[PDB]
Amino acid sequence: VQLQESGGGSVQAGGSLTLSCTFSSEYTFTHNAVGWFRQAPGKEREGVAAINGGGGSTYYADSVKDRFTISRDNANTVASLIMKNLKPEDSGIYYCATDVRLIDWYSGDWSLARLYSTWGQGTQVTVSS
């Protein structure tokens, strides 16, 4: 494949998890971007954070600002999501995505899932009260 999420698991409310989006050894997002999304039962897929190659631009959903931090390695092969003070409603399958339509990504549409052509298989995040 090309995108692989890792780092999900079960955690008590208020705890933390760090997710990793690892690119296949031949790929990079140096000239593109990575978005982190999540999917909960009965809700539409929701962008939570995104970052571009080189890290010049970072975006966060209002629902996660001041609790989530997205980061990259220098080579733009891993995008990490540090999630702190987790809540039960943060439970979901979390996906990373890349190969985004960059002009729209930079122009306020970073959270639009349809802009991303390449999606990982997702990792499970289970937050318990």
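Numbers follow the displayed sequence, beginning with 1.
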| said: Tell me which stretch, 38-46 or 97-105, has the higher mean Cα B-factor listed in the entry. | reply: 38-46
| message | Using only C-alpha atoms and the B-factors in the entry, which stretch averages higher, 29-37 or 58-66? | response | 58-66
| said: Sorting by Cα B-factor within the chain, modelled residues only, which third would residue 17 end up in: lowest, middle or highest? | reply: middle
| said: Using only modelled residues of the chain, where does the Cα B factor of residue 11 rank: lowest third, middle third or highest third? | reply: middle
| Chain-relative CA temperature factor third for residue 82 | highest
| task | Going by the recorded CA B-factors, say which third of the chain residue 73 sits in, lowest, middle or highest. | result | highest
| task | Would you please rank residue 118 by its C-alpha temperature factor against the other modelled residues of its chain and give the third it falls in: lowest, middle or highest? | result | middle
